[PDB]
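Okay, so here's the structure we're looking at.
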Amino acid sequence: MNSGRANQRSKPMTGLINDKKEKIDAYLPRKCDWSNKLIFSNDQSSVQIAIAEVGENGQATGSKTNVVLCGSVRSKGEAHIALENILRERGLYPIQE
Amino acid sequence: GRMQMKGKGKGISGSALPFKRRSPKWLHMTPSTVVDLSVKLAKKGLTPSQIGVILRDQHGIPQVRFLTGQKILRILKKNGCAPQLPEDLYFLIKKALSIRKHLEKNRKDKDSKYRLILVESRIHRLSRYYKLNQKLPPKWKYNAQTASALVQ
Amino acid sequence: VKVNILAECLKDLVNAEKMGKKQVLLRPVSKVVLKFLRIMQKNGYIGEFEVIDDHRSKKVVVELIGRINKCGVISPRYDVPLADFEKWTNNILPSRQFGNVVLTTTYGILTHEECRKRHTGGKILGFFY
Amino acid sequence: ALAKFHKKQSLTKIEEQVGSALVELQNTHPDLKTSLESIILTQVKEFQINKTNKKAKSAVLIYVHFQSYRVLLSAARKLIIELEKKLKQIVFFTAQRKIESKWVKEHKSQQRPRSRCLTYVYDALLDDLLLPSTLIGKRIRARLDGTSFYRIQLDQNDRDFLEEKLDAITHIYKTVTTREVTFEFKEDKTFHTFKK
Amino acid sequence: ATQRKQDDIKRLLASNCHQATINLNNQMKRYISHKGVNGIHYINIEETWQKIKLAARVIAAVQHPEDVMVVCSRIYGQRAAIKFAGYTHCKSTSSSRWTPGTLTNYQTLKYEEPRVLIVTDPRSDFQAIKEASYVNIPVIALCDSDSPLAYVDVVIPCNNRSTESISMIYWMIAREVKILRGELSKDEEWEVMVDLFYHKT
Amino acid sequence: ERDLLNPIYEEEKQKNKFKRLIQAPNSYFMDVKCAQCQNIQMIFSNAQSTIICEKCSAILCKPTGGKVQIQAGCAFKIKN
RNA sequence: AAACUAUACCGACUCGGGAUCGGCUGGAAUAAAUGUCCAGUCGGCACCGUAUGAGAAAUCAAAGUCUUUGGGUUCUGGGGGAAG
Ligand SMILES: [Mg+2]
Ligand SMILES: [Mg+2]
Ligand SMILES: [Mg+2]
Ligand SMILES: [Mg+2]
Ligand SMILES: [Mg+2]
Ligand SMILES: [Mg+2]
Ligand SMILES: [Mg+2]
Ligand SMILES: [Zn+2]
């Protein structure tokens with residue numbers, strides 16, 4: 001039962017847009033990739049993990065997946081789970097052999 | 001939850017009906033045969049509930065209504081053996097009376113006086129129901145002396 | 001003693017969204033709870049949901065992402081003439097710009113907006129934003 | 001074999017065929033004697049099921065009059081097995097079921113009993129469509145667009161009987177009931193305390 | 001199960017990486033396979049292998065290695081992790097005494113600002129994790145069944161009790177990081193013995 | 001990893017009968033063979049009071065608290 | 001009565017951990033039982049951690065799910081004394 005989660009990412013995020021179709025929003029916060037919360041200016045503990053892409057020779061491609069996690073999630077100790085699953089849905093985990 | 005115990009009364013005694021409504025496959029009794037047994041038991045002066053138990057333990061009949069389509073009391077009604085006063089109320093009054101009995105003799109027993117108060121309370125509380133739902137004669141009352149001669 | 005099944009299911013829901021939970025088992029359930037969910041889903045908040053038939057009342061699993069800031073019930077279900085809409089949208093909702101107050105009407109259960117477009121009103125159920 | 005129907009007045013080719021079948025059976029098999037004595041039919045519908053298989057399969061739905069129902073359910077396996085033999089299609093049985101309207105109450109003194117209600121009747125139809133077996137479980141899915149969806153959990157052991165019938169059932173149910181129905185096979189899970 | 005992977009699991013088993021104490025932080029419920037008659041808690045090794053590789057991919061990801069920081073308290077992983085930092089060109093906390101403020105206080109002498117943090121025992125090294133929490137710094141931890149996962153981003157289930165275990169974990173991670181960095185062939189065996197990382201008495 | 005909709009069997013078996021999804025009971029029915037007269041009878045798992053085989057009147061089961069005690073050489077199979 | 005958890009009752013939902021009293025369900029050991037141990041679970045009295053929940057705080061797994069203010073219902077207070 002994945003459908004809503006997928007549709008959620010289907011379209012891009014937009015700050016405030018007036019009728020003249022400007023972007024009014026000073027910056028577009030990162031949102032957590034698990035809980036989907038907003039990533040604070042002030043968040044002491046919010047974290048962005050970059051994980052490397054691997055060619056069949058073991059080579060790093062220089063390509064990176066960035067997984068953002070938010071304070072409440074790491075803090076509750078959900079992180080170690082969240083990440084794994086985020087890597088499943090992106091097709092990067094488990095690691096093939 | 002448990003009625004008229006405030007504070008801690010609250011717990012779950014079991015019964016959980018299975019999902020399959022159809023009667024079980026291993027069961028070879030015709031619904032008619034069942035109605036026969038249940039009525040025999042009934043005429044022997046048993047309770048719809050006690051009949052239920054008997055059919056379940058001894059006779060391999062798990063749920064009588066899922067077999068017949070008629071619950072036990074309705075069967076009793078159609079087939080004419082009827083428990084005049086509902087088994088329900090019947091037991092409550094039997095009880096309230098056993099407490100009357102014991103209480104006339106030990107007059108210093110306070111807990112049993114209070115328990116009696118509770119039980120009679122439930123009895124009236126059930127009377128109202130069975131009255132508005134036409135299962136009891138409209139002028140029927142529980143009194144000490146009236147109900148003591150009332151088939152209990 | 002259970003009063004207002006919509007209230008049970010709604011509060012349990014909000015709780016689980018708030019705890020960052022990925023889904024909710026919801027019990028027991030009614031027409032109204034399912035229509036309310038069909039409404040929130042249609043309107044973008046919850047995701048797909050599944051209904052489970054136990055022979056009695058029912059159970060309902062709800063996929064949530066996270067959107068719902070709050071979703072409440074108002075009890076008692078007051079009387080909300082078309083005149084009073086202003087009140088309730090100002091009092092209940094975060095801003096003019098979004099969020100809905102759901103109502104029962106003789107034309108059915110509606111976003112207050114659906115009620116201006118249907119021109120009716122009168123019985124308030126709950127809200128979500 | 002107009003004896004096998006309640007109208008007896010007119011029968012289609014399909015109903016002639018079924019009638020003659022039940023005749024052949026009440027004659028051949030002493031097994032089914034009593035059972036076919038008591039079974040009267042109301043209606044018979046025929047359906048065509050065309051799928052990606054490129055197989056066009058004829059499927060027959062026969063409507064037993066309500067008073068024959070108990071006997072029908074008693075004879076179900078034997079009956080469908082022999083009837084699938086006597087015609088090159090597959091068969092299904094239902095009870096003939098009236099539906100009383102919500103807001104047109106005809107008589108002041110009649111309360112429409114829930115036994116005949118749009119829902120309850122349609123559901124019962126499903127129960128009949130599976131007839132030799134039974135639902136282990138049933139769940140409804142709400143898609144994101146607002147389509148409702150059914151999916152049904154079935155006894156493992158009955159796979160043999162019900163495998164091919166599935167498409168036919170979904171076609172029939174989509175037709176009459178307007179419902180999307182999916183199936184699953186699980187094992188029937190009994191929770192026992194066994195003493196080893 | 002390639003020959004490579006078989007060699008990996010063999011090494012891991014031999015090093016007894018899968019033996020845990022008896023407590024289960026429920027947070028670990030997923031990483032533990034067996035619970036023994038002797039109370040010994042046994043880790044699923046596949047999870048270990050997987051996580052090692054994942055970790056290596058996080059470390060390969062930081063552009064400049066000195067922005068990865070290994071932190072160890074206990075005596076076993078002092079040796080092992082200082083060797084790790086050696087081959088991995090990253091920073092080591094050598095003094096077992098982690099100074100409060102090391103991540104937080106830009107004024108301290110030990111002051112660091114890694115992009116990624118790696119700790120040997122989340123329970124022992126806890127102050128490091130807590131500090132990382134103040135700075136937006138993600139953490140790869142070596143984790144026994146008794147270890148708290150609060151503020152831990154990558155859990156590698158281990159036995160962080162023994163030298164054998166800790167050392168060969170840091171070793172295997174190092175070798176895989178080497179591989180990903182093209183400092184080493186994928187097919188080729190590594191001439192550095194695990195025995196270096198062991199703690200000498 | 002956990003899904004409420006596809007709960008794991010060994011787990012539900014461990015749960016209390018009211019806390020499962022299908023809310024299914026723990027009782028069984030059993031065919032019991034009298035040690036003496038060799039009659040077969042049906043007995044509820046948690047059956048109340050006592051059971052005597054109809055042929056020889058000997059004692060099959062004894063009541064408790066949810067267990068029935070099958071007495072002596074009486075052999076049984078669960079029906080399902 | 002400081003008749004005191006100075007903490008209304010029925011009902012949901014939100015963390016983790018051992019232990020305890022009463023039922024039950026399997027399993028194991030023995031010297032084979034109204035006794036041990038192990039694993040479940042239902043209900044009690046509590047405790048220990050912990051909350052990115054609450055609070056003026058002391059503190060509170062409710063004293064949480066409250067300006068993101070409405071599950072049901074009784075009761076009580078509105079500066080201090082005068083004054084029960
Ligand atoms: Mg209760
Ligand atoms: Mg109602
Ligand atoms: Mg025992
Ligand atoms: Mg307050
Ligand atoms: Mg605070
Ligand atoms: Mg506490
Ligand atoms: Mg208030
Ligand atoms: Zn006998």
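Here are a few things to note about the model shown:
- Checked against a 29 Å cut-off, the cross-linked pairs B:25/D:8; D:98/D:174; A:31/C:58; D:196/F:15; A:37/C:11 give Cα-Cα distances beyond that limit for B:25/D:8; A:31/C:58.
- Springs between Cα atoms under 10 Å define the GNM used for chain B, and in it the highest mean-square fluctuation of B:17, B:92, B:37 occurs at B:17.
- Positive dipole terminus of the protein assembly as shown, leading residue within B:51, B:96, A:96 (C-beta point charges): B:96
- Contact order relative to length of chain F, as percent, for alpha carbon pairs under 8 angstrom and 6 or more apart: 25
- Residues of the range F:25-40 falling in the label zone of residue F:75, defined by backbone nitrogen less than 17 Å from a point 7 Å along Cα to beta-carbon, are F:30-40.
- Pairwise inverse Cα distances across the protein assembly as shown, averaged and inverted, put the Kirkwood hydrodynamic radius at 34.1 Å.
- Average beta-carbon neighbours from other chains, 10 Å sphere, peptide E:146-155: 5
- Sequence-distant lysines (8 or more away, or on other chains) whose Cα lies within less than 30 Å of residue B:101: B:6, B:8, B:43, B:44, B:110, B:113, B:131, B:135, B:139, B:141
- Partner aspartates and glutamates for residue B:78 [C-alpha distance under 18 Å; skip if fewer than 8 residues away on the same chain]: B:36, B:87
- When E:151, A:27, D:173 are arranged by Cβ crowding within 10 Å, least crowded first, meaning fewest neighbours, the order is A:27, D:173, E:151.
- Reciprocal mean inverse distance between Cα atoms of the range D:1-99 - Kirkwood radius, Å: 13.9
- Summing charges over neighbours of residue C:69, with a neighbour being any other residue whose Cβ is under 12 Å away from its Cβ, gives +3 when K and R count +1 and D and E count -1.
- Summing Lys and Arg as +1 and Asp and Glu as -1 over all other residues whose Cβ lies under 14 Å from the Cβ of residue E:85 gives a net charge of +1.
- The relative contact order of chain E comes to 26 percent, based on Cα pairs under 8 Å that sit 6 or more residues apart.
- Trypsin sites (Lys or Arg not before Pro) within the range A:44-97: DSSP coil, no more than 13 neighbouring Cβ in 10 Å: A:90
- For the range D:59-196, diffusion coefficient by Stokes-Einstein and Kirkwood Rh (Cα), 37 °C, 0.692 mPa s, µm²/s: 192
- Using distinct alpha-carbon pairs, which all enter the 1/r mean, Kirkwood radius of the range E:35-153 in Å: 15.0
- In terms of surrounding Cβ atoms within a 10 Å radius of their Cβ, F:74, F:56 rank from fewest to most as F:56, F:74.
- Relative contact order (%) - criterion: Cα under 8 Å, at least six apart; region: chain B: 17
- Straight Cα distances below 26 angstrom link residue E:91 to the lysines A:64, E:51, E:53, E:83, E:110, E:130, E:178, E:186, E:200, with same-chain residues fewer than 8 positions distant left out.
- Positive minus negative residues near residue B:148 (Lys, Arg vs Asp, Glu; Cβ under 12 Å): +2
Since every read-out is calculated from the coordinates, none of them should be taken as a lab result. Positions of Cβ are generated from backbone atoms using ideal geometry, with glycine treated the same way; all protein chains shown enter the neighbour counts.
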